[PDB]
Amino acid sequence: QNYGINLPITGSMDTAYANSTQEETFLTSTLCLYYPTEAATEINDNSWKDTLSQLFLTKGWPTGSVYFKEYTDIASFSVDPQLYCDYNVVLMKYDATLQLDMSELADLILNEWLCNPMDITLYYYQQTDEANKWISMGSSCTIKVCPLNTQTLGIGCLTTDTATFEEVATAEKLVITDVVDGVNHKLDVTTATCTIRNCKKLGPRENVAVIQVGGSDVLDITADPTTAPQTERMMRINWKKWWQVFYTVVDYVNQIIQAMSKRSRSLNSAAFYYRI
Amino acid sequence: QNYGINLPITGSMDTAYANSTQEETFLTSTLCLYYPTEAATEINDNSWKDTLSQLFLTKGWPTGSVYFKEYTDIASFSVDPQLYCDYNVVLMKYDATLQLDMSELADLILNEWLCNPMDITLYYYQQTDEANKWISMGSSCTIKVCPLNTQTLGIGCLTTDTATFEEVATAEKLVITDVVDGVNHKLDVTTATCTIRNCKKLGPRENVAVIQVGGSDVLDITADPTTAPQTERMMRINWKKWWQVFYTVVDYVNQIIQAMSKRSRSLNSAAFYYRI
Amino acid sequence: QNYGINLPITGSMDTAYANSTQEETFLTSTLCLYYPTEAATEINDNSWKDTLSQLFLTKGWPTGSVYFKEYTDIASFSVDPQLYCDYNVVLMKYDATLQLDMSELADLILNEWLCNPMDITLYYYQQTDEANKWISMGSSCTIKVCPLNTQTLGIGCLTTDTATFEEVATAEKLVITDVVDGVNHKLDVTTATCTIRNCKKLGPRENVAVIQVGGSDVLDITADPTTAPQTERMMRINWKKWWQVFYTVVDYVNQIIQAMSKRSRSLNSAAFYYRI
Amino acid sequence: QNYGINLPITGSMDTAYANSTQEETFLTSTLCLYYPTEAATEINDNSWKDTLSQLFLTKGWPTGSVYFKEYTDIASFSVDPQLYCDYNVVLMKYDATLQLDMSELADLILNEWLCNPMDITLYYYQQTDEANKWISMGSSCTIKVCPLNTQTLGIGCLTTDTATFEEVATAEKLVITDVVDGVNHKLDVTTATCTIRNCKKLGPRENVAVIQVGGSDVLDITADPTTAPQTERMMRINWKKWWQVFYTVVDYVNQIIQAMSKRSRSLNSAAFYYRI
Amino acid sequence: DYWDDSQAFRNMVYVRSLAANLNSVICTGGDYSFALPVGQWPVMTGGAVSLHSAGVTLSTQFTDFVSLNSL
Ligand SMILES: *[C@@H]1O[C@H](CO)[C@@H](O)[C@H](O)[C@H]1NC(C)=O
Ligand SMILES: *[C@@H]1O[C@H](CO)[C@@H](O)[C@H](O)[C@H]1NC(C)=O
Ligand SMILES: *[C@@H]1O[C@H](CO)[C@@H](O)[C@H](O)[C@H]1NC(C)=O
Ligand SMILES: *[C@@H]1O[C@H](CO)[C@@H](O)[C@H](O)[C@H]1NC(C)=O
Ligand SMILES: [Ca+2]
Ligand SMILES: [Ca+2]
Ligand SMILES: [Ca+2]
Ligand SMILES: [Ca+2]
Ligand SMILES: [Ca+2]
Ligand SMILES: [Ca+2]
Ligand SMILES: [Ca+2]
Ligand SMILES: [Ca+2]
Ligand SMILES: [Ca+2]
Ligand SMILES: [Ca+2]
Ligand SMILES: [Ca+2]
Ligand SMILES: [Ca+2]
Ligand SMILES: [Ca+2]
Ligand SMILES: [Ca+2]
Ligand SMILES: [Ca+2]
Ligand SMILES: [Ca+2]
């Protein structure tokens, strides 16, 4: 394919449509439901996963294609999230105090990323293009940045005294840092508690759909202030009980996955491609 | 540009040969050496990594392109190995007692694997075809299997009574289980200290080479008894000193890289096939 | 001959085959059978040489053609081995702990070598070509190598403190060292006991065939990790008694010689051609 | 490139003489001087080797190309002398009492001898043609020969009693034995103290010249009584002071080398004839 | 500071790219006795320091006879 990637593909606008592929797609795919711990707590049942599997089977999924990956909360789930199935549906519980963390998680898992190691103890780092960011995740990530100048001297900070650096993130499980492009920054991070990578946003993921349970539209998966694109893969529902949420997900799984596309699952389950 | 489709590529049998790209490949690519801890212990030199980097620079690798990753032993390294460099060379010491462990390690790193989750509690699992295996990794993997019949009842085993299960792995750091295809199996796995995945062998991993330091050819990266292929990426060297081993690796790095190719799954052409 | 060495030789593809020259070759050649001392010990007979000569005569070798030379073990025989007659068959007993020593002896005696003196106390030395090696042999060789930089000082080793050198051999009766090409190395060698020479591998040696008695395919007569050739002159057999081994050698002497070629013998029995 | 085949050469006249190659050969070759210890004793200078090297450099030999090898006396030098330089000049002191020994030494180093092993304990031996001799060398050789008849019975000797054998050498460090051809001889040799070999005289050795210091023309390098050839490689000089001898050698190095030729056998053309 | 009569020191007035290698050694302290007028004689015995190589530079040896440019 690689030797024909840069080759045209011609199609005739009269070609007959193929039959529905939803049945065959479900019979050959895997579905992963990511839900918070409080969901299972409120449900308070040990066989609920089996019942959800049976209900999905009523919807056309063979027994063995639906998987359920519990996570404690948004912050913990944001530390190297792993996407295992062909289709990933992440149920994020909305909290008014964690809008930025929800946006960061959605940006991480709704977009492809190409990341490289950052030895912040030895070299200064820039952000070349609007697609370049610094994604740092771990148990507790605190990032301090001192922008330098053409002479390699800190601006508004001392290159040798970290106490003068600028705070952009304090005790973050995950944080995406955007700084002024073309400016060299000296970084100090709690490398013993988190890892920071220079990442590039390649495009959408197309196999991860984030359903926001409650709240309003607050997600912002683009660092550009003048854009808040509400894509088809970021859904929102209102709730009083988790069983209704799960029944809605099961009954409308056809619509949920019609908004997603296969062929995007990476060989590795990581949320970002990594190069060293 | 056309990523989700396979387009045939036509080439003339007399066009030309482009100049050697080895120098550019070394300049723009990273090298990783994976060696056991006992190698470093025997070398007993603090700056030996710097000397090896200098020698690689003499061979044309820019400083900082070559990385040296330590692992305690074959069993420990087999726990979810992560080979992130452009070119990976793994020096694997031969132990006559760990033939199958080395075979499993090489099969895991010398091949490309597409793995889906396994939830042994809910679902019974088959192996669809010859390329389907069950790869389990962890601090201690113990896998017992109960084959069922068309009526879901175990054969030589009781589903309720796990004591009657047939043990196929015991305290393994990594194991690739192969059972009869087309037969449903109830699995008992120590999920606390071991994760099992349903994996498909897509094909060779081009950018990973294994140099066996020691005994004869024992590796078998194929579950089929009738075939035990020895690919060009499975090197073998007799040794008495680790400095000799590393000097041989550096002096013939051109040939080692020649036996390897860029990971077909790690370049833009693989986009929307599985990964990048 | 010599002036016409660089002249074409033209042959028709219809020239009738000449008769078998095996009989004439045996009637005018001399055969050497190198065996370990333990072989003679286990045979426990003082006339076995006469019996073997008579059996070879039954196989066509005139009385006086075959010769028998005894060596204590691989380590001792590796000290400047001498190949005396037209056809040399070396019976090498296999030991799993001496794989590299067997490989080194096989490399030395199965290939032509062009060696030169190395005054390690005066000059630092380089290995220009992949064919260039450092062959050292004697009572006990301990070679310590210190790579040097443009200033001729040491890299990761003090040029004066031999304790900081890098150890490639210890108490070796024979060792073939291969350092990274193009780097000047200071060599500390136990010159009082053993001698080191800068050697160039010219090509294969047709008059020497090594029969490995027991074991597996472990010989690696080429320093290149990517290649482990098994030439027609490297035989392997399984044994329980030495009389069976010698009967096998006598019975299939025609096949053994067929794997060997004439004109490869030199006036001197040395294992290399020495230039000073 | 075509090795092992005797291709004719069809040169012509009027091809014009090439320029002198003497300077290039001196630049690219090495010279070995073999002299007795009494020479150094009489010279009584610790830097005489350096002065001779400087004088040879005045004659065109690059510094370090001339090697000065020393031997105790003729008998010690007749213990398998090794002449490895491109050009070898042996300053041999004349002694009326060691005439034959002198000749033998010359015969050993002024001629090419293809030697194969001799196992007197196991086989009987005969000299096939006039070029076949028995060369024995070591600490002390004592060869006793018992000629046999067609009934494999000793002639004037008993095959079982070595006291009746006929002595041809006694305490010799080198002896060349010529017996009647076509007759099998039983041999009693001090194999513990010295080694005997069956040697065929292929032809002259051109890189070795012998300068007889003082005396008369006594050398006889051919076993034929009817021939005593004084080849151009056998010089004779009358002497009183060794310094004059060495000055004569260095001054007429042009003439001495002109009397010699590159060893026809030791060069690339002789590949697959006997060496290189 | 070391100086030599070799060609490397004949006109050493300007030096660049100066580098060196040196193996460590041990200097052990000996016994020195004090000549007290009366009574027992104290002795200072022992004391060892291992000398390890450090940076090399350029110096000058100024003796009553020769002024040398040394390393
Ligand atoms: C597609 O659907 C049509 C309409 O039911 C059916 O006749 C046909 O067999 C199906 N398959 C194909 C390949 O057209
Ligand atoms: C390739 O190598 C040739 C031979 O040196 C050279 O002329 C040419 O410029 C090189 N580059 C290309 C792109 O052909
Ligand atoms: C070769 O063999 C043939 C057939 O046996 C025989 O006639 C002939 O004399 C032999 N020798 C030569 C030189 O052809
Ligand atoms: C040979 O010698 C002549 C005269 O000494 C000189 O002119 C010429 O350049 C030399 N070389 C050749 C190849 O003729
Ligand atoms: Ca955050
Ligand atoms: Ca500040
Ligand atoms: Ca930016
Ligand atoms: Ca935005
Ligand atoms: Ca059972
Ligand atoms: Ca295992
Ligand atoms: Ca199977
Ligand atoms: Ca197999
Ligand atoms: Ca060895
Ligand atoms: Ca060192
Ligand atoms: Ca080399
Ligand atoms: Ca090899
Ligand atoms: Ca003699
Ligand atoms: Ca007698
Ligand atoms: Ca004779
Ligand atoms: Ca004569």
Side-chain angles (χ1 to χ4, degrees), chain A residues 22 25-26 29-78 81-110 173-174 205-221 230-261 271, chain B residues 117 119 121-123:
Chain A
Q22 186 211 265
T25 296
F26 291 179
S29 302
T30 44
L31 182 53
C32 270
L33 253 169
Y34 300 84
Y35 58 101
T37 282
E38 50 260 44
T41 300
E42 178 162 322
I43 277 166
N44 181 66
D45 198 332
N46 291 338
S47 57
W48 72 289
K49 294 210 281 180
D50 180 63
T51 69
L52 282 177
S53 291
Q54 289 182 281
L55 290 172
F56 271 118
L57 171 78
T58 297
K59 224 74 177 175
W61 294 78
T63 308
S65 42
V66 193
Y67 294 89
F68 316 84
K69 259 61 178 159
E70 189 183 67
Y71 66 86
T72 307
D73 71 304
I74 269 55
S76 63
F77 179 57
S78 305
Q82 298 281 316
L83 302 153
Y84 304 110
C85 293
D86 289 297
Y87 283 107
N88 312 111
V89 183
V90 181
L91 303 180
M92 281 169 52
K93 173 163 179 293
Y94 161 87
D95 175 69
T97 316
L98 302 181
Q99 283 195 6
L100 182 71
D101 303 84
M102 291 173 70
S103 299
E104 281 169 343
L105 182 64
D107 210 332
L108 189 71
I109 69 188
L110 296 174
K173 288 280 178 57
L174 168 75
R205 196 113 175 171
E206 261 76 36
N207 66 328
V208 178
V210 166
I211 311 189
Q212 196 213 261
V213 185
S216 193
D217 297 305
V218 311
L219 267 54
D220 189 325
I221 55 160
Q230 308 305 282
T231 72
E232 212 64 27
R233 267 168 301 114
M234 39 177 64
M235 308 157 198
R236 204 192 64 75
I237 54 166
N238 285 341
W239 66 306
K240 273 299 307 186
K241 282 200 143 46
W242 279 104
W243 263 123
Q244 186 58 69
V245 169
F246 274 92
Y247 286 139
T248 295
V249 169
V250 172
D251 211 27
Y252 291 94
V253 67
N254 279 346
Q255 296 292 79
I256 289 164
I257 275 164
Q258 195 182 359
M260 284 179 292
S261 173
Chain B
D119 182 61
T121 282
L122 291 178
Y123 305 121

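So that the names make sense, note that chain A is the first sequence line, chain B the second, and so on, each numbered from 1.
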A.B. asks: Using the test ring-ring contact (aromatic ring centres under 6.0 Å, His included), find all partners of A/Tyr252 that sit at least two apart in sequence or belong to another chain.
C.D. replies: none

A.B. asks: When you compare the side chain of A/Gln82 with that of A/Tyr34, does any pair of heavy atoms fall below 4.5 Å?
C.D. replies: no

A.B. asks: What distance do A/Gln258 atom CD and A/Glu232 atom CD have between them, rounded to the nearest 0.5 Å?
C.D. replies: 9.0 Å

A.B. asks: Give me the atom names and distance for the closest heavy-atom approach of A/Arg233 to A/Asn207.
C.D. replies: CD-N, 4.3 Å

A.B. asks: Do A/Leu52 and A/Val66 come within less than 4.5 Å of each other through their side chains, counting heavy atoms only?
C.D. replies: no

A.B. asks: Would you say B/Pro117 and A/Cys85 make side-chain contact, with heavy atoms under 4.5 Å?
C.D. replies: yes

A.B. asks: Got a second to check how far A/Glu104's CD is from A/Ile74's CD1, nearest 0.5 Å?
C.D. replies: 12.5 Å

A.B. asks: A/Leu219 and A/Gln212: which non-hydrogen atoms are nearest, and at how many Å?
C.D. replies: CD1-OE1, 3.6 Å

A.B. asks: Work out which heavy atom in A/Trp61 is nearest to a heavy atom in A/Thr30; give both atom names and the distance.
C.D. replies: CZ3-C, 4.1 Å

A.B. asks: Between A/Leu55 and A/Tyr247, is the side-chain contact (heavy atoms from CB on, under 4.5 Å) condition met? List the steps.
C.D. replies: CA-CA 9 Å; A/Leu55 290 172; A/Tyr247 286 139; 3.5 Å; yes

A.B. asks: First locate atom OG1 of A/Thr51, then atom CH2 of A/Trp243, and finally report the distance between them rounded to the nearest 0.5 Å.
C.D. replies: 3.5 Å

A.B. asks: So A/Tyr94 and A/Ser216, do their side chains get closer than 4.5 Å, heavy atoms only?
C.D. replies: no

A.B. asks: Using the test salt bridge (charged side-chain N to carboxylate O under 4.0 Å, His left out), find all partners of A/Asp86 that sit at least two apart in sequence or belong to another chain.
C.D. replies: A/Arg265

A.B. asks: Just how far is it from atom CZ of A/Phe77 to atom NZ of A/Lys69, taken to the nearest 0.5 Å?
C.D. replies: 11.5 Å

A.B. asks: Could you tell me which residues satisfy side chain to side chain donor-acceptor pair (under 3.5 Å) with A/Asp50, sequence neighbours excluded, listed by chain and number?
C.D. replies: none

A.B. asks: Distance only, no hydrogens: is a donor on one side chain within 3.5 Å (strictly under) of an acceptor on the other, for A/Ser47 and A/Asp45?
C.D. replies: yes

A.B. asks: Which value, rounded to the nearest 0.5 Å, describes the distance between A/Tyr35 atom OH and A/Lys49 atom NZ?
C.D. replies: 5.0 Å

A.B. asks: Quick check: closest heavy atoms across A/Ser53 and B/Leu122, and the distance to 0.1 Å?
C.D. replies: OG-CD1, 4.3 Å

A.B. asks: For the residue pair A/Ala106 and A/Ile221, what are the closest heavy atoms and their distance?
C.D. replies: CB-CG2, 3.7 Å

A.B. asks: Does a side-chain heavy-atom distance below 4.5 Å link A/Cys32 with A/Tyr87?
C.D. replies: no

A.B. asks: What verdict does the side-chain contact (heavy atoms from CB on, under 4.5 Å) test give for A/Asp101 and A/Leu174, after you've listed the backbone C-alpha separation in whole Å, the side-chain angles of each residue and the deciding distance to 0.1 Å?
C.D. replies: CA-CA 7 Å; A/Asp101 303 84; A/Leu174 168 75; over 6 Å; no

A.B. asks: Mind checking ring-ring contact (aromatic ring centres under 6.0 Å, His included) for A/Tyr67 and listing every partner two or more places apart, or none if nothing turns up?
C.D. replies: B/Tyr123

A.B. asks: Report the distance from atom OG1 of A/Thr41 to atom CH2 of A/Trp242, rounding to the nearest 0.5 Å.
C.D. replies: 10.5 Å

A.B. asks: For A/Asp107, give me all partners under side chain to side chain donor-acceptor pair (under 3.5 Å), at least two apart in sequence or on another chain.
C.D. replies: A/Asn111, A/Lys201

A.B. asks: Quick one, A/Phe26 and A/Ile257 - any side-chain contact, counting heavy atoms below 4.5 Å?
C.D. replies: yes

A.B. asks: Could you tell me if the side chain of A/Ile43 sits less than 4.5 Å from the side chain of A/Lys241, heavy atoms only?
C.D. replies: no

A.B. asks: Over all heavy atoms of both residues, which pair between A/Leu105 and A/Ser78 is shortest? Give the atoms and the distance, please.
C.D. replies: CD1-OG, 3.5 Å

A.B. asks: Could you go through the side-chain contact (heavy atoms from CB on, under 4.5 Å) check for A/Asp251 and A/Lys59 one step at a time?
C.D. replies: CA-CA 7 Å; A/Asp251 211 27; A/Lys59 224 74 177 175; 2.5 Å; yes

A.B. asks: Compare all side-chain heavy atoms of B/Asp119 with those of A/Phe68 and state whether any distance is below 4.5 angstrom.
C.D. replies: no

A.B. asks: Listed by chain and number, what are the side chain to side chain donor-acceptor pair (under 3.5 Å) partners of A/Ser261, not counting sequence neighbours?
C.D. replies: none

A.B. asks: Kindly determine whether A/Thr248 and A/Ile211 satisfy side-chain contact (heavy atoms from CB on, under 4.5 Å), including the steps that lead there.
C.D. replies: CA-CA 11 Å; A/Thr248 295; A/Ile211 311 189; over 6 Å; no

